[PDB]
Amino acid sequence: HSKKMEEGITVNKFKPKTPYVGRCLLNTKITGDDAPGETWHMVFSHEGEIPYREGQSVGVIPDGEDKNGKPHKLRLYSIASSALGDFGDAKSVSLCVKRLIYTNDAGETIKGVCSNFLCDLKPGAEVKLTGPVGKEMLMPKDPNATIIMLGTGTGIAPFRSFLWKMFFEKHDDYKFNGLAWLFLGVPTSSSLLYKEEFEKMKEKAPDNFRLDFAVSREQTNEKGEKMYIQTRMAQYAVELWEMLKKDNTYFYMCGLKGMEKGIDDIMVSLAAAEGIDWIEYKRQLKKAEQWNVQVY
C-alpha cells in the first residue's frame, strides 16, 4: 500500500549499456554573474521514449573515457520538469545543473566531468540518458495533502517538477487542493532559481501555495544569524511542527547533504520540548512516507 504515486511507474527502461540518445534543445544560464557558481537549465528531446514521473531522476553518461579507456560512470540528476514537460507535450526533459569547479591538492583547477559536459552543451548536441530512476521523491497520491518542500540550490529540481504539475497544468484525474509550501535556500539573490515561475504560481493559487526564500549571504535573523534554510524555517517552527503532527502532511527535502543536519537540530529541540524523541519520531515519519529525503 503506498501513499505515493508509485502505480505504473517506469524504472530503468534505459540502462548504461543501452542508453537513450537525446538531443539538446536549449541550454540557458539561469544564475546572475554575481552568483558563486553557475547553474544552467537545459532541455533535452526524448520523443516520449522516457516515460518519467515527477520526483524521478535520469542518469547522464558524459562523453569520453575514464583514465582506463572505459566510458564514464553515469551521474544522476533529478528531473526539473513535470511529466508533460516545459512544452506540455511529454516529449522533452529538463535538468537544473550547477557547474562544478574545484582545486586539487596541487592548487590546480579541476572541473567536474559531467557537470561541465552538460553546462557546455549546445542545441543539437546528443546526450546519453538512462533511467528513469527512483521512488523516494514521488508525489503523494492525496490531492488535498499538505506538501512541505525544503530545497537548497539544485535541490529545487524535483519541486519545480511537482509544482508545474500542481499549478501550471490541467489534468483529467488530478487537481491539487491542499497546501504546498516551498522553502528555497540559496547564497545570493542572483542564485535564486525559477523565482519568476514561483511568483506566478503564487498569484495563481494564493491560498494553496506558500513561498519562502533564504538568501544566506544577504539576510540575517534578529540575533543577526545568516539566513540559512533552517534559519528561515525556525521562524515558522510552531506552525511546521504542528503540521508534522497531521497524517496528511508530507515532508520532502532535497539538495546538499549538509542541509539534513541543520534541520534535524531545529527539530530535536521542538520535539524534546513536548516530550518526544525526534529520532524515533522521524523514524515513524519515514515509515509512514511522510519524511522524504534526497541529499547529495
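All residue numbers refer to positions in the sequence shown, first residue = 1.
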On average, are the C-alpha B-factors higher in 163-171 or in 220-228?
-> 220-228
Given the B-factors recorded for C-alpha atoms, which segment has the greater mean, 188-196 or 126-134?
-> 188-196
Looking only at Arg53, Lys29, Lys261, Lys246, the Cα with the top B-factor belongs to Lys261
Out of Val58, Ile266, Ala271, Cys254, which shows the largest CA B-factor listed in the entry?
-> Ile266
Sorting the chain's modelled residues by C-alpha B-factor, tell me whether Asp86 ends up in the lowest, middle or highest third.
-> lowest
Could you tell me which third, lowest, middle or highest, the C-alpha B-factor of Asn292 occupies within its chain?
-> middle
Hey, what third does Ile101 fall into on Cα B-factor, ranked over its chain?
-> highest
Assert third(CA B-factor, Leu211) within chain per record equals middle
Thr109: which third of its chain by C-alpha temperature factor?
-> highest
